[PDB]
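Contents: one structure, followed by commentary.
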Protein chains: 2
Amino acid sequence: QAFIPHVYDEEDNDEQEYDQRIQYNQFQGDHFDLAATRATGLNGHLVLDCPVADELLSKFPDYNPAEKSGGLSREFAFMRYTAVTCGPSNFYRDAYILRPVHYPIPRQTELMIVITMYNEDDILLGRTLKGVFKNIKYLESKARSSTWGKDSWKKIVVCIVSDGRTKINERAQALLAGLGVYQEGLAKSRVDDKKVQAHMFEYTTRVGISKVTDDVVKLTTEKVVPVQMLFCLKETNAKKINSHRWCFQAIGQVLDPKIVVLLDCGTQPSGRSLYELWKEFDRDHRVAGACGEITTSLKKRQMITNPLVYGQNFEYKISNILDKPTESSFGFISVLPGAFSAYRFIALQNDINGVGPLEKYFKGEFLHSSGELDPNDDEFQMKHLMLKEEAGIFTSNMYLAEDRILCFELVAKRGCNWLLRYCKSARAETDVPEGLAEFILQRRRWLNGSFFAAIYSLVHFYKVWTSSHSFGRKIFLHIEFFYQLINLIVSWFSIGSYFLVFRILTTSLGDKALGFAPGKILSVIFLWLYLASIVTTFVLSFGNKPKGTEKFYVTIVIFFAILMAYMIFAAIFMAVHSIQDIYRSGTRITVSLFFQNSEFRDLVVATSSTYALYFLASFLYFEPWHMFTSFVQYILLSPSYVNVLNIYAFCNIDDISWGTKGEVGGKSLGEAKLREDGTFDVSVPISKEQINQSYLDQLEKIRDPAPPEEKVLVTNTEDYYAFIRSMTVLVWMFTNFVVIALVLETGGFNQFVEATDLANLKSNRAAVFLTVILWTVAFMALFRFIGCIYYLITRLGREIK
Amino acid sequence: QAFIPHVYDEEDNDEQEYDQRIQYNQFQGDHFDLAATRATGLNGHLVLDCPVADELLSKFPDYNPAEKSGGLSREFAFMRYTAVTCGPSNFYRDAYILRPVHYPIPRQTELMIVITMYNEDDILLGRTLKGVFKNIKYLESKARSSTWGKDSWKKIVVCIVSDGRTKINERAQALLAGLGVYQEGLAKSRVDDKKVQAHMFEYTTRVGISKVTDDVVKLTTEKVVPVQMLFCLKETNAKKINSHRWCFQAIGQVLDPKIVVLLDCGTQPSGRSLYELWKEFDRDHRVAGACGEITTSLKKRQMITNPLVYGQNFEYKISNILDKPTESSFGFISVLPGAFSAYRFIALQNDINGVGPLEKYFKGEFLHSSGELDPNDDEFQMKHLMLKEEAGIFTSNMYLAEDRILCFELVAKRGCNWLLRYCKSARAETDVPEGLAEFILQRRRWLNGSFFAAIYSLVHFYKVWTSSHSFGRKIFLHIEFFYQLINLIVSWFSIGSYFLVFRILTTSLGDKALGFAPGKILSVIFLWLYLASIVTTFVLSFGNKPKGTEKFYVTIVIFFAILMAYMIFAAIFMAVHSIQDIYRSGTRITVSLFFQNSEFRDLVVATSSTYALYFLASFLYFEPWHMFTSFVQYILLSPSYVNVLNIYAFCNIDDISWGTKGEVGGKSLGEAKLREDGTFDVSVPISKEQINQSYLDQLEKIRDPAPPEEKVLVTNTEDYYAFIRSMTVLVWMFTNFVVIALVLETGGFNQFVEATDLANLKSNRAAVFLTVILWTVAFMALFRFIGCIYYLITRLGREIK
Ligand SMILES: CC(=O)N[C@H]1[C@@H](OP(=O)(O)OP(=O)(O)OC[C@H]2O[C@@H](n3ccc(=O)[nH]c3=O)[C@H](O)[C@@H]2O)O[C@H](CO)[C@@H](O)[C@@H]1O
Ligand SMILES: CC(=O)N[C@H]1[C@@H](OP(=O)(O)OP(=O)(O)OC[C@H]2O[C@@H](n3ccc(=O)[nH]c3=O)[C@H](O)[C@@H]2O)O[C@H](CO)[C@@H](O)[C@@H]1O
Ligand SMILES: [Mg+2]
Ligand SMILES: [Mg+2]
């Protein structure tokens, strides 16, 4: 029973109210001309208007048995199929017409909701579609709105760009077919001896997903608002940047929408999230990009059984509570999550000269690939011209930044005034990777992107000077740039700092002054295990794949968790001993004396202050639970975050997806067939003249000496990226080691000090380093706390107005 | 002018004498039946007897213008072509007949000379062919020989197995055609809808290479002994093991020769080398394998301009003078060079049960490859059965040993008495790689092979117990096994030992007792550069290819050479200071006192003794020049040998040649054509019944829940080999570091010692380690010296008898 009566859950009371506000009796479509086995394709393109299944029409309320058509409008009766051969670059240049703009009265799009899909299960697509449909129903129900209200569904288009014709999951395809967008027969591989790049299906579906259980998806036609669906199935997978090219460069130009919303399969927006994003864009005309709070689902996951899920939950909550508000207050957000964000279409458009955010974003796809262009592609000229252009370090490595480049390119425009804003009213829920390998692979992409984006923005900070912002705005943008520079410096030396803190804390327990016997043996054992884990992580990152050697990573993570617990114990013990010593001294006890004590101060005051700031920020946002349920897991996993993820990310900076190539010869000399008789039919030279001529040709060929040939080939790009990655890790290793040598004198530096002065000189440097690092962390926390408080105050003030 | 009058060089006086001993007027071939465009292929196989070019026949002395045939025999007039489809396993089972055995009177082969070729220049092939032809002429000229003499060329077959139909160099193919073996037209790709695995051309050429200059090759028919040529051109490259399978498993069974000789393109044997190898096999019936001295050409290479060539020259000379004689004396040679060696055919044959040296040798090819068998291959059953068999660690990694496995498998047979012998009378000259990358790639293959062969032989030493050898023979074989165990242990810890020696020597100069000011700063700088070089070598070995990043390796090698010079200087300085201190003490000077002095003893006596042993061994073999011309380069390159080559070899234990695979979909849904009118011809569903049935099918498909699917796939073999390589480097790193920590207390061990006792406890361990390592090297040198002296004495005694 695919179709079941509509049922509202406990949380669907708002949906019920929306339904009460909507009439549900005036879903009348606009008449449009159809396309006529011989078919009259429009403008020389293959276009087919096929009829939808009779059962699906019979489900619709407007269906009437008496009328053969059923009384339904043309758009509700026929689904349109178009075969696209040109590709994104020339889609607008060719006369490719989408149905929304083909009506006698053109429809102007107000909100384009892009969904990216790749071999995703039907459950994830069902959840995303249910969220989008609920949002559209809410927008329709809205009464006292200038832009929204009756017939609001005509201004909204849902675009699903599936990457990979043969990689799409069968069940998701079945679901889309059940909605009526897709039919199996229509697909065509080639048209007029030209490859079909993408298959586009268009239909205004009136089928709504009633519920999405864990295993099955139920669809019902009762109380469903029509939704314009565009399903663009790509013939071959070209990653996500190519899908975004299809969305922006090709479909966006034809539709010319406002406020393009980007979604990802499995991300379920709230009931009013899209309205909140639209309102954010509408209130302030300067806003060019926006993002919403992203949450992690914890439905059937236990606190103890899934430490990783809760660690990620805490990370997401802290990010949304501290980082995004501060950057939004400054007006420049480092990263807008690709799972849920929104952009204003006009802001992204390139300049007359051809330079703009979209050009920078797309260049990464072209440059980061094998230099093998098929001459038959119609985009051959564009790709050849792009490859012939002189590319520097930054241009040729844009693929690391990905969408992150867009944020900076928007803020620091030549003569434009744009800002990026974060709204906490918009919420979306997603499933985080439970397994360790997927987490490692996912964070590998985030870390590389963040590092490259930070470097690129910092190096090009001067571009904001020419932007038409207020002078105070530029001053505060420079303050934020300085903060990001400090954050980058702190993140670059994370592994060295972690090792230094661990070594100092463990060796401090070895001192005979405090009464801890196993200090020394434990410190030595932990040092050996630490070095072994680091070396194994490097070797596995360079050599093997995470999926295969997962148990090694699990063991390393467990060891680092135990080591973190031991480090916390050592710090507490060290502080207690220091406090006890002051009382044992016999001196007067004052508040200045506690602050004067470097050990107690650094170890306790800084960490407690950071925890208090996190706690207060969590409470002020009415989101306190993560500070209890998921704090411990995050604390215990932090060293793994710094060591394993960072090492794996840097070791694989190059993402070499393409493989080796081979011309593989195959001259078609010929074949020998066998007749009924034993004789074989062959074709070999017979005439003596031909044989003698061939022999003389061979003699003349071998008579002359071999001319020199100097290989001056451009070579392949995989070597270039392998080289870039190798240099980065080497510089990363060298700089970290220099810092470690200075602080601990591990290298030859101990040769310059005396044996009696070695013990006294190592201690002072360690204390200075500990205080510096801890107070740097604390001050960054305070900075973000002030940021978030300002964001709350200003948002409340704007709401009041 | 391809053909020129024969000219004899200064060194061709022996060739002139050979010519004087040969009549050159009775080169009469045996009549054989030919094969009849329709051709009557023999036994259902595609066989063609085409006529050779008229000019080539006209060159031959026996040609007569009056007779249309020319008076030449059938074999000299027609070249035979055969297309082989089955492959090596079934070549004998099918009725594939080679010309030498097809005569009315069968010819018994006495010497099969195999030459392996792959995209080699025509110069290398010309040199090899000139050497082989000169050897055949010498064998023919021999008068007072029971086996050799008149008509000796009938007992010798030269087999050229070219790997890769489309990778063979054009000029070498032109040369072979000029000889008359190859013609372009004959090749056929498919026969009876079956792929042609190999193309075999047979011809008894009477064309001899007069000379081989640096650039061109000249051929002349004057004073040439006929040679039986078999040119087996493979359709696709399958590395060298597959070529050896063609030689042994398929061609050898048909010909059934004795004493198969293996050669490599560019290796030029001496004028009497093949006779020496044959005599070695003939004298003693127990000998199953033999090898000869291999020399490095130094024609147009300067002493200073090519340090690498002279380093390799010294290495080869020392090997031939010390290692091979000792192993030959014991009767078991670890490696028989693949460039020039010989095997007795019957010794290699497998047992009735199917287990034997050849099976072990070939299993490596099958196991070490992608598990993708084409069902159309006729060897599908064999490969599938081999893959289904349970393979342990050793069986699945045989590909590392390569031919090395054969030596041990021959010596330690179940019930056979076989020995391996080295003869210094046989000499062959080859070109060593001048570039650094090629040297790195070539040594990468040697080191992996040697390590795995040593481990395999040591683990299975007990197999020699069942062999039918004399008890004393088994005792001495066990002595050799013990020596090889010590050598393996010494080689495993080479990198750690080198670092320890460098550190001890450099830090010794830092002591204030001796008056050297820059000691400390230089030691620290060198430590930093050493660590940087090691880390960069690891990273580049894992990440990049040697050809691309060659300058890094050049810089590292130059640095290591400078460091070696500095280490030698430090040792000399340390010894001089120690000798001076004894005189400054004021005590009596005796010979016992010098020996008592650990510093002087270890540093000077051991190294001088090793050098003296090398010098004496070189002189006794009448090969003294390498001890002067090329010693310094070898000494300066030794640290590079240990560090760079060993690191690169271990980092790339897995040799993953095969690439990724993709089914790549491509369902043939259909195409749409365009008619003269605008209408497009398409095929899409029309009947309502079919559409409704498809829709109901989709509904039923999506209605049921998704059943669980647990991935229990066997997976790919590349992960297995990546895993094996990763473990090996990790164990290699761990064991070396443990030794370093013990000797220098680098790890946490210094925490267990006092500051005043740290300086005194580090010195004693360093002295003990230095004496141990140096005297181990010296004693191994003495062992090999005694070995070589015994070899000389016994060889001279055998010659006298
Ligand atoms: C948290 C979340 O909900 N999604 C993020 C997660 O995705 P996640 O870790 O779940 O997996 P991916 O990054 O591979 O997928 C990202 C998006 O790209 C699409 N895709 C994937 C593979 C492919 O060959 N072609 C293709 O188009 C996927 O369908 C998905 O819509 O890590 C990515 C790393 O960049 C982010 O970009 C995504 O925003
Ligand atoms: C010193 C010398 O003179 N030859 C050695 C050298 O060869 P070298 O370093 O010169 O180059 P290779 O090892 O690649 O060639 C070895 C042999 O295998 C053949 N080949 C090569 C590639 C291929 O795809 N197919 C193929 O059949 C080559 O033509 C040659 O006959 O290092 C090899 C490492 O094992 C040794 O085996 C060779 O004995
Ligand atoms: Mg996902
Ligand atoms: Mg070669």
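Each chain in the structure tokens gets a letter, A, B and so on, in the order shown; residues start at 1 in every chain, and ligands are counted from 1 in the order they appear.
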Could you give me the residues within 7 Å of ligand 2, counting only C-alpha atoms and all ligand atoms, as JSON, numbers by chain?
{"B": [116, 117, 118, 119, 120, 162, 163, 237, 238, 239, 240, 243, 264, 265, 266, 267, 337, 338, 339, 430, 431, 432, 438, 442, 445, 446]}
With a cut-off of 6 Å and counting only C-alpha atoms, select all residues of chain B in contact with chain A and give the selection as a compact mmCIF listing (two decimals) with C-alpha atoms, in the first residue's frame.
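Ended up saving to iface-v1.txt:
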```txt
# COMPACT_ATOMS: atom_id res chain seq x y z
CA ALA B 2 73.43 -0.97 -44.86
CA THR B 37 44.77 -16.54 -50.85
CA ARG B 38 44.23 -19.99 -49.32
CA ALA B 39 46.92 -21.56 -47.13
CA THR B 40 47.03 -25.13 -45.79
CA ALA B 53 63.40 -10.68 -50.15
CA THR B 166 53.10 -2.13 -29.82
CA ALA B 174 63.81 -2.89 -38.67
CA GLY B 185 52.56 -8.16 -43.68
CA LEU B 186 52.45 -11.60 -42.10
CA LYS B 188 47.44 -11.38 -38.05
CA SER B 189 45.42 -10.11 -35.09
CA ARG B 190 42.77 -12.85 -34.82
CA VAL B 191 42.35 -16.39 -36.15
CA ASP B 192 39.00 -18.22 -36.15
CA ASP B 215 74.90 5.38 -33.57
CA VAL B 216 74.50 2.91 -36.47
CA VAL B 524 74.20 20.19 15.36
CA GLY B 665 27.21 1.09 -17.10
CA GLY B 670 18.47 3.75 -27.66
CA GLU B 671 19.04 6.78 -29.88
CA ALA B 672 16.93 9.42 -31.64
CA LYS B 673 17.59 10.18 -35.30
CA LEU B 674 16.66 13.31 -37.25
CA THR B 679 10.27 15.74 -36.57
CA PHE B 680 12.45 13.35 -34.55
CA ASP B 681 11.97 9.57 -34.65
CA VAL B 682 11.67 8.20 -31.11
CA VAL B 684 8.49 5.77 -26.11
CA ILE B 691 2.34 2.76 -18.35
CA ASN B 692 -0.01 1.68 -15.56
CA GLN B 698 7.40 1.03 -9.14
CA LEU B 699 4.84 1.31 -6.34
CA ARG B 703 6.42 -0.42 -0.89
CA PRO B 705 11.47 -2.36 2.95
CA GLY B 748 62.77 8.04 27.71
CA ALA B 755 72.86 14.18 34.93
```
List the neighbours of residue 72 (chain B) out to 12 Å using only C-alpha atoms; skip same-chain residues closer than 3 positions along the sequence, and give me the result as a list in words.
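With the cut-off at 12 Å, the set is residues 26, 27, 28, 29, 30, 31, 51, 52, 54, 56, 57, 58, 59, 60, 61, 62, 63, 64, 65, 67, 68, 69, 75, 76, 77, 78, 204 and 206 of chain B.
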Dump of C-alpha atoms for the selected residues, as a PDB file, in the first residue's frame:
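out-v1.pdb, freshly written:
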```
ATOM      1  CA  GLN B  26      79.358 -26.352 -46.879  1.00  0.00           C
ATOM      2  CA  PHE B  27      76.394 -24.409 -45.470  1.00  0.00           C
ATOM      3  CA  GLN B  28      73.805 -26.867 -46.769  1.00  0.00           C
ATOM      4  CA  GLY B  29      70.371 -26.884 -45.165  1.00  0.00           C
ATOM      5  CA  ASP B  30      68.102 -29.878 -44.671  1.00  0.00           C
ATOM      6  CA  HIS B  31      65.085 -30.202 -46.953  1.00  0.00           C
ATOM      7  CA  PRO B  51      59.721 -16.229 -49.500  1.00  0.00           C
ATOM      8  CA  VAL B  52      62.441 -13.877 -48.333  1.00  0.00           C
ATOM      9  CA  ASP B  54      65.264 -11.281 -53.393  1.00  0.00           C
ATOM     10  CA  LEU B  56      68.761 -10.695 -49.203  1.00  0.00           C
ATOM     11  CA  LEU B  57      69.051 -13.987 -51.089  1.00  0.00           C
ATOM     12  CA  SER B  58      71.249 -12.341 -53.722  1.00  0.00           C
ATOM     13  CA  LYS B  59      73.627 -11.327 -50.933  1.00  0.00           C
ATOM     14  CA  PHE B  60      74.130 -14.950 -49.882  1.00  0.00           C
ATOM     15  CA  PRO B  61      77.179 -16.595 -51.525  1.00  0.00           C
ATOM     16  CA  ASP B  62      75.233 -19.664 -52.692  1.00  0.00           C
ATOM     17  CA  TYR B  63      72.838 -17.562 -54.788  1.00  0.00           C
ATOM     18  CA  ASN B  64      72.955 -18.331 -58.514  1.00  0.00           C
ATOM     19  CA  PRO B  65      71.242 -16.072 -61.084  1.00  0.00           C
ATOM     20  CA  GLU B  67      68.382 -20.931 -61.075  1.00  0.00           C
ATOM     21  CA  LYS B  68      65.084 -19.320 -60.099  1.00  0.00           C
ATOM     22  CA  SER B  69      65.348 -20.714 -56.567  1.00  0.00           C
ATOM     23  CA  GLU B  75      65.243 -23.342 -44.823  1.00  0.00           C
ATOM     24  CA  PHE B  76      67.455 -20.583 -46.236  1.00  0.00           C
ATOM     25  CA  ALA B  77      64.860 -19.563 -48.842  1.00  0.00           C
ATOM     26  CA  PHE B  78      61.608 -19.346 -46.851  1.00  0.00           C
ATOM     27  CA  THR B 204      67.986 -19.520 -40.314  1.00  0.00           C
ATOM     28  CA  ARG B 206      73.020 -15.994 -42.779  1.00  0.00           C
TER      29      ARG B 206
END
```
If DSSP is run on the backbone, what residues of region 150-262 of chain A are helix (DSSP H, G or I)? A reply as a tab-separated table (two decimals) with N, CA and C atoms, in the first residue's frame would be ideal.
```tsv
chain	number	residue	atom	x	y	z
A	152	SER	N	1.33	31.02	-4.40
A	152	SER	CA	2.75	31.20	-4.13
A	152	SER	C	3.58	30.06	-4.70
A	153	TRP	N	3.00	28.88	-4.88
A	153	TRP	CA	3.75	27.75	-5.41
A	153	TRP	C	4.25	28.02	-6.83
A	154	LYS	N	3.65	28.98	-7.53
A	154	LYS	CA	4.11	29.31	-8.87
A	154	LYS	C	5.46	30.01	-8.86
A	155	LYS	N	5.86	30.59	-7.73
A	155	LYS	CA	7.12	31.31	-7.63
A	155	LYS	C	8.26	30.46	-7.09
A	170	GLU	N	18.45	2.88	-7.11
A	170	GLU	CA	17.22	2.45	-7.76
A	170	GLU	C	15.99	2.89	-6.99
A	171	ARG	N	16.04	2.86	-5.66
A	171	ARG	CA	14.84	3.14	-4.87
A	171	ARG	C	14.49	4.62	-4.90
A	172	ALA	N	15.50	5.50	-4.89
A	172	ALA	CA	15.22	6.93	-5.02
A	172	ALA	C	14.61	7.24	-6.39
A	173	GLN	N	15.12	6.59	-7.43
A	173	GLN	CA	14.53	6.74	-8.76
A	173	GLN	C	13.08	6.26	-8.76
A	174	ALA	N	12.81	5.15	-8.08
A	174	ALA	CA	11.44	4.65	-7.98
A	174	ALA	C	10.55	5.65	-7.25
A	175	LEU	N	11.07	6.28	-6.20
A	175	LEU	CA	10.29	7.29	-5.48
A	175	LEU	C	9.97	8.47	-6.39
A	176	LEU	N	10.97	8.97	-7.11
A	176	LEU	CA	10.72	10.09	-8.01
A	176	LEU	C	9.69	9.71	-9.07
A	177	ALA	N	9.78	8.49	-9.60
A	177	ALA	CA	8.77	8.03	-10.55
A	177	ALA	C	7.39	8.00	-9.91
A	178	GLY	N	7.31	7.53	-8.67
A	178	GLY	CA	6.03	7.52	-7.98
A	178	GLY	C	5.45	8.92	-7.85
A	179	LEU	N	6.30	9.91	-7.61
A	179	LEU	CA	5.83	11.29	-7.63
A	179	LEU	C	5.34	11.71	-9.00
A	239	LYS	N	31.44	15.13	-10.09
A	239	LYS	CA	31.54	15.70	-8.76
A	239	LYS	C	30.47	16.77	-8.56
A	240	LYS	N	30.57	17.53	-7.47
A	240	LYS	CA	29.53	18.47	-7.08
A	240	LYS	C	29.68	19.84	-7.73
A	241	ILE	N	30.89	20.23	-8.09
A	241	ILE	CA	31.09	21.54	-8.72
A	241	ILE	C	30.39	21.58	-10.07
A	242	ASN	N	30.42	20.47	-10.81
A	242	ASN	CA	29.73	20.42	-12.10
A	242	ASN	C	28.22	20.52	-11.91
A	243	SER	N	27.68	19.88	-10.87
A	243	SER	CA	26.26	20.02	-10.58
A	243	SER	C	25.91	21.47	-10.26
A	244	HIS	N	26.75	22.13	-9.46
A	244	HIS	CA	26.50	23.54	-9.17
A	244	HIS	C	26.63	24.40	-10.42
A	245	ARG	N	27.50	24.02	-11.35
A	245	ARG	CA	27.55	24.71	-12.64
A	245	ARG	C	26.24	24.56	-13.38
A	246	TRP	N	25.68	23.35	-13.39
A	246	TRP	CA	24.38	23.15	-14.01
A	246	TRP	C	23.33	24.05	-13.36
A	247	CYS	N	23.36	24.14	-12.04
A	247	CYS	CA	22.35	24.94	-11.33
A	247	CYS	C	22.50	26.43	-11.64
A	248	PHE	N	23.71	26.96	-11.54
A	248	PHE	CA	23.92	28.41	-11.63
A	248	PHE	C	24.11	28.87	-13.07
A	249	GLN	N	25.11	28.33	-13.76
A	249	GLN	CA	25.50	28.86	-15.06
A	249	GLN	C	24.43	28.61	-16.12
A	250	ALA	N	23.66	27.54	-16.00
A	250	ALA	CA	22.72	27.14	-17.05
A	250	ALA	C	21.27	27.33	-16.65
A	251	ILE	N	20.81	26.66	-15.59
A	251	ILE	CA	19.40	26.75	-15.22
A	251	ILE	C	19.08	28.12	-14.64
A	252	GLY	N	20.00	28.67	-13.83
A	252	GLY	CA	19.74	29.96	-13.23
A	252	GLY	C	19.58	31.06	-14.25
A	253	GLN	N	20.39	31.04	-15.31
A	253	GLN	CA	20.29	32.07	-16.33
A	253	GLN	C	18.94	32.01	-17.04
A	254	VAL	N	18.45	30.80	-17.32
A	254	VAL	CA	17.15	30.67	-17.97
A	254	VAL	C	16.03	31.14	-17.04
A	255	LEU	N	16.03	30.64	-15.80
A	255	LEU	CA	14.98	31.01	-14.86
A	255	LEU	C	15.17	32.42	-14.32
```
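Straight-line separation from CA of residue 599 (chain B) to CA of residue 506 (chain B): 14.2 Å.
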Do you know which residues are at most 8 Å from residue 384 (chain A) counting only C-alpha atoms, after dropping those on the same chain fewer than 4 positions away, and could you put them as a list in words?
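Listed by chain and then number, they are residues 373, 380 and 388 of chain A.
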Shell of 10 Å around region 772-776 of chain B, only C-alpha atoms, local chain residues under 6 positions omitted, as number ranges by chain:
B: 486-487, 490, 497-498, 501, 602-607, 609-610, 766, 782
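Of the listed residues B:25, B:273, B:147, B:376, the one whose atoms come nearest to residue 86 (chain B) is B:376, with distances taken using only C-alpha atoms.
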Near region 462-475 of chain A, within 6 Å and counting only C-alpha atoms, which residues show up once chain neighbours fewer than 2 positions away are dropped, as a PyMOL selection string?
chain A and resi 412-417+460+477-478
Could you tell me, as an MDAnalysis selection string, which residues of region 299-546 of chain B DSSP assigns to strand (DSSP E or B) when given the backbone?
chainID B and resid 340:343 419:430
So that I can see what lies close to region 134-142 of chain B, please list as a PyMOL selection string the residues with an atom at most 9 Å from it, counting only C-alpha atoms and leaving out residues fewer than 2 positions away in the same chain.
chain B and resi 14-15+17-23+129-132+144-145+148-153+156+224-227+269-275
Which is closest to residue 84 (chain A) among A:261, A:198, A:113, A:744, if we use only C-alpha atoms?
A:198
